[PDB]
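The chain below stands alone and is given in C-alpha cells; this is the form deposited in one PDB entry.
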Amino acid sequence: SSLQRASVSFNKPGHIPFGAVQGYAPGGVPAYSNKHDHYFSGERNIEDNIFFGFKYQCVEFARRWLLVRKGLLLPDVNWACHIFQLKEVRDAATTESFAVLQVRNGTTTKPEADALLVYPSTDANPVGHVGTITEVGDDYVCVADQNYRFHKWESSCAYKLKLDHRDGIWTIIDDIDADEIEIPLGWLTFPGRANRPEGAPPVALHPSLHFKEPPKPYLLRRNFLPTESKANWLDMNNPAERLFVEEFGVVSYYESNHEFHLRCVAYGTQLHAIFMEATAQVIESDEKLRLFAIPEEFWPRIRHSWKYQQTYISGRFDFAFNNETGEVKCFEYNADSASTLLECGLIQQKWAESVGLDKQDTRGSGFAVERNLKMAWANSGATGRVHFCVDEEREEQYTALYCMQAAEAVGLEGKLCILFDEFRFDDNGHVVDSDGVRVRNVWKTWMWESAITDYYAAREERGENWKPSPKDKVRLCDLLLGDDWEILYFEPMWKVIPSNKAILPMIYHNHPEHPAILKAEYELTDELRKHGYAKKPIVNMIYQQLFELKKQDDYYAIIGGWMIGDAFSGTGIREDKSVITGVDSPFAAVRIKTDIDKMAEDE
C-alpha cells in the first residue's frame, strides 16, 4: 500500500509485453503484442527468408495471416490503408498473381469471414489500419489484428465491431472509443481460395519470394547548392525558435538510407532495454550503488524513485558509424539531460526547408520527435500542472519550452521557472508556486549531481534541526531533494545510473552479442591492450575499447540518437575537423532517403 500518489510506468494496465502472444486467429495464427499504439521496434520478422513485416505491426499480421490461412502472399505495402487499393496478391507456390475482390463498406454487400478489413487514412490516424474479419454475426464482426488493442484475447479475435444494417446497407462501425470513431473503407476477399484445413502445416514458398536483402546502410556527407533560400526561416513568434536565434547569431548535411535509420531504431530501442536491465541490477545491489558513487544516504530515495516512477521523457545515445564496415557502436547513454533536442526535432527540418532540401525523396531525421514527446507526456503519469525548471541559460530555456509545447498539447498545464523565485514554502513546509499551487510534476535540466551538491551545501548554511518555513527562499535541493518523494521528476533520479560510465562494463558483460556494445571492463585486460582502450574514471576506473572515427570531407562525426519516452525517435549530428566538443561544435542535418516514398515508423 503506502504510496499515496499512484506509481506510474509506460507499461500500461491491460497491455501485455512486446512479443507476448495475445491469442490465435482461427487456423492457429498468433497475434503478438506491439507494446502499445505507435510503438516501433525497427525489427523485421523473417522466418526462412520470408519477410512478414515489422515486429509487431498490423500489416505484419495481415501478411502472416494470409499465408497460413489462404496460401497467398500479400505484396509490399508502405501504409496499411493502401491494402484496399490492391487488385491482386500472389500465390505462395506458383508466384502467379491472384485476383482479390475489393468490397466497399456501406454498400448492400454483407461482410464475410476470412477478409482483410482496412481502415482509411485520416488526419488523426495517417497510415490507417488492417485487420482480419474472423466472424460475421447478425449485428457485429470479430476482428483479429496486431497493434490496435494489447490485451490477452479472451477468444479467437482481438475485438468486436458494430455491424449496422439499415435500409439495405451494411456498415461496419468502430465506435468502441466513442471519441475516436472510425469507419473502414471496406475489405478484401479472395474469392476462389479456400481456407487451408485447420491444423494443416504451413506451405513452403517459392524462393523467388524470399526477402530481397536490403541495401547495406550508409550515412554520407553531401554538399548542396540551394537555388531558393529564405531570409528569415524560423518562426520568431514561437518563443522556442526565438531563444535559439539570440543564442546563435553552398551548404552541407548528411544523407542516410532508410536501412541506416532502421538500424538506429533497432539498436537504439535494444540498447535502451539493455541499459534499463543493467539499471535494475545496480538499483538492487548495495555494492554496485557504492561503485556508482551514490552516497549511501540517498539509497532509500533513489530506490524509491526506481519503484515509484518508470516513466521518463528524454535521453540521448552517442553513436559512431563507419560506412565501410557497417558498424554502429554506442559510446554512452546520456539519459539525465542531453543538449540537442530542439535541433534534432525541429531546427534541422526548418533549416532544410530554408535551403529547399525537403524534396519528395528525403525526410527530416527527427520527424517523429514532436509526435513522440506528446506520447511520452500523455503516458508519463503526470497529471495537473507541470513545472519546467531551468537556469539563466537560453539553451536550457528553448529545450524546456519545446517540451512544454508538447506537454500543453496533450492536456498538461505548464509553467516555465527560471531559477527558484517562482517558488515559496507554505505553512506546512511544502513547495508551492506563485499561484499557490503545490508542486507535483517537475521537468528540469538541473542535474541530480548539482542538486546533491546543493543539498550538502545547504546542510550547514541552515543546520540539521532546520525545517523549512515561508521565511526561507526555495533552493535547488528543496525543489529536487525535499521530503516529498512522490513528485514526478523528468528526468527521474534513477537516470543518473545508466548515464554513468560504470554501467558500461555491465552492459558489455550482460550482452556482448550486441553489435553496438563496446568491450568495457573494470580492470585492464590483455585483449583491451591489443585492441586499444580508454581509461575513463568516475564521479576508480573503467576501461573501454576504442572505435575508429572515420572522416568524410575531413570531418569527424558523432551521431546522437534520441529516446523520447520508449520510442527511438530520431538522430542528429555534430561534426568537427578536429575535436567534436559539442558544447561548441556545428550541428549537422541528417536526411533519410526513402505513395511510393513513405515508411513504417508512421504506424
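Note that residue numbering begins at 1 and tracks the sequence as displayed. For clarity, a rigid core is taken as the largest C-alpha set superposing within 1.5 Å between two forms.
Another form, the form deposited in another entry, is not on view; read the next lines as being about it.
K.L.:
Where among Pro201, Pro191, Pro300, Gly384 does the Cα move by 2 Å or more between the shown form and the other one after the core is superposed?
P.N.:
None of the others reach 2 Å, which leaves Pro201.
K.L.:
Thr525: with the rigid core matched between the shown form and the other one, does its Cα shift 2 Å or more?
P.N.:
Stays below the 2 Å threshold, so no.
K.L.:
After core superposition, I'd like to know whether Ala124 moves between the shown form and the other one (criterion: C-alpha shift of 2 angstroms or more).
P.N.:
After core superposition, the displacement of the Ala124 C-alpha between the shown form and the other one reaches the 2 Å mark, so yes.
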